[PDB]
2 protein chains.
Amino acid sequence: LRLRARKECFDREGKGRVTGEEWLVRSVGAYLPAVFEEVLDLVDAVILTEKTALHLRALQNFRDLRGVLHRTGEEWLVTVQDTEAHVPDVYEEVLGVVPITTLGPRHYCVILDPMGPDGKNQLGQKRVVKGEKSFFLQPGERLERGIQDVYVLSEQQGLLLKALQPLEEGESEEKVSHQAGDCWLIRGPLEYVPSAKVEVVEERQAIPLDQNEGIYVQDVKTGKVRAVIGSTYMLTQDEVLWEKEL
Amino acid sequence: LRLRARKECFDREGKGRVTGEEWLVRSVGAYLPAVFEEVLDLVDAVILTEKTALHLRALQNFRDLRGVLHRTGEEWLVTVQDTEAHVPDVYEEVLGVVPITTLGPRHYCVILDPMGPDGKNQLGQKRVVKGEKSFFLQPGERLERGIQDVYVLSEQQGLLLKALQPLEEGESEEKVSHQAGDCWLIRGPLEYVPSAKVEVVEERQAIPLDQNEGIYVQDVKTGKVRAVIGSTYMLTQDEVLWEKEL
């Protein structure tokens, strides 16, 4: 039961009440407002299923039932482990329900400005997430595309990649470092996902071939044209189709 | 609660009050103005999230809650570490909210008149910034273009550069000094950003080549025309295309 103080006094809660102050009435059942107390409205607790969460933001300094202090302008998710149905405070301005972001085995998502250890958003950064993880988005965060599918690929399929961010001796599946802006193909009987640093460029496709058959190609790094033949052969990281001129 | 002195006296704050003086009332809750005090308006604290800041400027000499003195015409940002929501003073004229300038890994920005150690703006100068840094602009500062993207480039890509500011034995990636106004190409499997001194001129592009094929070129420094052939070859810092005349 939301209330207001029309005069300085003490409420049944026993809190000191300055004029114009507002406060909740936790008590269940029929309740009589005090002569200074003024009725406003009943405040329903927001439903909190495992699939749902409740974003909140402090209007000013205070403390929640769980004892966590809330400075002005702070924002926080409300998980089910806390309460099955939290009741918003007079200083807890709701921003809205946050649906859970589920992921499939073949799904992954890039979170813009991933939440730091500090609890402050990390501006100018992004963080990939995968592995059937299901999680509510932290405040101030958003997906770039909305749960990208994993690029599963076979030996006849291949994907070019480029290092937007220089130096990655680790993390890469080949465990090989790369200079910024260089390209390299990946291929094999496996699924793959782009890293936060590397970015996809183009998808090489199967190029069926038989004996006494092939295609002209060119090594752009040195201009080396040559006619590949025989067995099926996907283009490497730099080779490109070359055109004959009769 | 903003107020004014209609007569010389002392306020509840205990400050000496000359006629026409104005002052804040920090106290929360209901408050009765004094017979000399005159009601004006409630003054809300500006919201201060990590992404936001509040620019301010002194109208005259005074002191803030944090004890920092403010001479007339001085300007200062208000960060969240100070207060979650600062309340403007009668002498603190607001100039406006300042949004944070976030940067990506591939982003960088040039600040005109970068803030000095003195706290005064450095006229006629500029300062590059990069590395996913996120920062509010200092007063009197502005970007030249608005967060330029880093020039990532491969071995087949190259960018010409020119020394607008003479002598740079350090800072340059090659660690080589240059006379003012000279040009030199840069190339390799790496990202690159212009320095505050050096400026980009043109972007050399890949020039595919094979055996028994090439292009005429000319060395402008000495007029030396010659026909490069064979392997792929990007133009150097001075060579330019030369035209055959049958």
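How each quantity is defined
Residues numbered from 1 in each chain as written, not as in the entry; some residues may be left out. Chains lettered and ligands numbered in written order. Part of a larger assembly, values for the part shown. Heavy atoms only, no water. Helix = DSSP H or I, 4+ residues; strand = E, 2+ residues; numbered from the N terminus. Rg over C-alpha atoms; globule rule 2.2 N^0.38 Å. Buried < 20%, exposed > 50% of the residue type's maximum accessible area, 1.4 Å probe, protein only. Contact = heavy atoms within 4.5 Å. Areas by Shrake-Rupley, 256 points an atom, 1.4 Å probe, with all protein chains shown as cover. Pairing = 2+ DSSP bridges. Patch = residues over 30% accessible without salt bridge, like charges linked within 9 Å, V, L, I, M, F, W, Y side chains within 5 Å. Salt bridge = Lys/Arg side-chain N within 4 Å of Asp/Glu carboxyl O. Buried area = accessible area lost by both parts, 1.4 Å probe. Polar contact = N/O pair within 3.5 Å; in protein donor to acceptor, adjacent residues only side chain to side chain. Nonpolar A, V, L, I, M, F, W, Y, C, P; charged D, E, K, R; others polar. Axes fitted to C-alpha atoms, helices over the stretch in contact; angles between N-to-C directions. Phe/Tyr/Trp six-rings, centres within 6.5 Å; stacked < 30°, edge-to-face > 60°.

- The deposited coordinates, according to the entry record, derive from cryo-EM at 4.90 Å resolution.

- Within the PDB entry, the label attached to chain A reads Major vault protein, and the organism entered is Rattus norvegicus.
- The header of this PDB entry states its title as "Recombinant major vault protein [Rattus norvegicus] structure in solution: conformation 1".

1. Some points on the overall build of chain A
Alright, step 1. A tally of regular secondary structure across chain A gives 0 helices and 23 strands.
Alright, step 2. Against the compact-globule benchmark of 18 Å for 246 residues, chain A has a radius of gyration of 30 Å, which places it well outside the compact range.
Alright, step 3. Seen through its C-alpha atoms, chain A measures out along the principal axes to roughly 100 × 30 × 30 Å.
Alright, step 4. Across the 246 residues in chain A, those meeting the buried criterion constitute 37%.
Alright, step 5. Counting only contacts in chain A whose residues sit at least 6 apart along the sequence, the fraction spanning at least 24 positions is 59%.
Alright, step 6. A total of about 15,000 Å² of accessible surface is found on chain A, and carbon and sulfur atoms cover 51% of it.

2. Considering the pairing of strand 21 (residues 214–219) of chain B
Residues and elements named next belong to chain B.
Alright, step 1. One ladder, built from 6 bridges, connects strand 21 with strand 22 (residues 224–229); its direction is antiparallel. Residue pairing for strand 22: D219 is matched across the bridge by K224.
Alright, step 2. Between strand 21 and strand 22, which follow one another and run antiparallel, lie 4 residues, and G223 among them has a positive phi close to 75 degrees.

3. Here's the deal with a nonpolar patch on the surface
Alright, step 1. A cluster of nonpolar side chains, contributed by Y216, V225 and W242 of chain B, occupies part of the molecular surface with about 250 Å² of accessible area.
Alright, step 2. Mapping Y216 of chain B onto the fold places it in strand 21.

4. Some points on the interface of chain B and chain A
Alright, step 1. Every contact between the two is made by 35 residues of chain B and, on the other side, 34 residues of chain A.
Alright, step 2. Interface of chain B and chain A: buried area, both sides summed, is about 2,600 Å²; carbon and sulfur atoms make up 52% of it.
Alright, step 3. At the junction of chain B with chain A, the criterion picks out 2 salt bridges.
Alright, step 4. For the salt bridge of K221 of chain A with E155 of chain B, the shortest nitrogen-to-oxygen distance reads 3.8 Å.
Alright, step 5. There are 16 residue pairs in polar contact connecting chain B and chain A.
Alright, step 6. Those elements that place two or more of their residues in the side of chain B that touches chain A are strand 16 (151–153) and strand 19 (190–192) of chain B.
Alright, step 7. The residue inventory of the side of chain B that touches chain A, partitioned by class, reads 14 nonpolar, 13 polar and 8 charged.

5. As for the side chain of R204 of chain A
Residue and element names in this part refer to chain A.
Alright, step 1. Tracing the chain through its elements places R204 in strand 20 (residues 198–204).
Alright, step 2. The exposure class of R204 is buried, given its relative accessible area of 17%.
Alright, step 3. A polar contact is formed between the side chain of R204 and the side chain of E202, at a distance of 2.8 Å.
Alright, step 4. Dropping the residues within four chain positions of it, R204 is found in contact with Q157, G158, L159, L185, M234, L235, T236, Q237 and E239.

6. Remarks on the environment of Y192 of chain B
Residues and elements named next belong to chain B.
Alright, step 1. Tracing the sequence through the fold places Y192 in strand 19.
Alright, step 2. When its relative accessible area of 12% is taken as the criterion, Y192 is described as buried.
Alright, step 3. Sequence separation between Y192 and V152 is 40 residues; the distance between their C-alpha atoms is 5.7 Å.
Alright, step 4. Contacts of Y192, omitting those with residues within four sequence positions, involve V150, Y151, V152, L153, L161, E173, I186 and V198.

7. Things to note about the pairing of strand 10 (residues 92–101) of chain A
All names here are of chain A.
Alright, step 1. Note: strand 6 (residues 52–58) against strand 10, 7 bridges, orientation antiparallel. Its bridge partner lying in strand 10, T52 is registered against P99.
Alright, step 2. Across 2 bridges, strand 10 lies against strand 13 (residues 135–136) in antiparallel orientation. Opposite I100, over in strand 13, you have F136 as the bridge partner.

8. Topic: the sheet that holds strand 18 (residues 183–187) of chain A
Residues and elements named next belong to chain A.
Alright, step 1. Taking strand neighbours across the sheet as the criterion, the 3 strands line up as 18-17-20 in an open arrangement whose pairing is antiparallel. A strand with exactly one partner marks an edge of an open sheet, and here the two such strands are strand 18 and strand 20. With direction set aside, neighbouring strand axes in the sheet form an average angle of 30 degrees.
Alright, step 2. Bridge count for strand 17 (residues 158–163) against strand 20 is 5 bridges, and the pairing is antiparallel. Within strand 20, the residue paired with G158 across the bridge is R204.

9. Brief notes about the pattern of salt bridges
Residues and elements named next belong to chain A.
Alright, step 1. Under the defined criterion, the tally for this structure stands at 24 salt bridges over all chains.
Alright, step 2. The shortest N-O distance in the salt bridge between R57 and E93 comes to 2.5 Å. Taken as a pair, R57 in strand 6 and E93 in strand 10 lie far apart in primary sequence, 36 residues in all.
Alright, step 3. Residue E202 pairs with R204 through a salt bridge whose shortest N-O separation is 2.8 Å.
Alright, step 4. Sharing partners across several salt bridges, the network here consists of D11, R17 and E21.

10. Examining the packing of aromatic side chains
Alright, step 1. Within the structure shown, the criterion is met by 6 aromatic pairs over all chains.
Alright, step 2. Site record: aromatic cluster; members linked through ring pairs are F62, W76 and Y91 of chain A.

11. Let's talk about the sheet that holds strand 13 of chain A
Whenever strands of a sheet pair, they do so through backbone hydrogen bonds, lying parallel or antiparallel.
Alright, step 1. Across the sheet, which stays open at both edges, the 4 strands sit in the order 9-6-10-13 (chain A) with antiparallel pairing between neighbours. Each edge of the sheet is formed by a strand with only one pairing partner; in this case those strands are strand 9 (75–76) and strand 13 of chain A.

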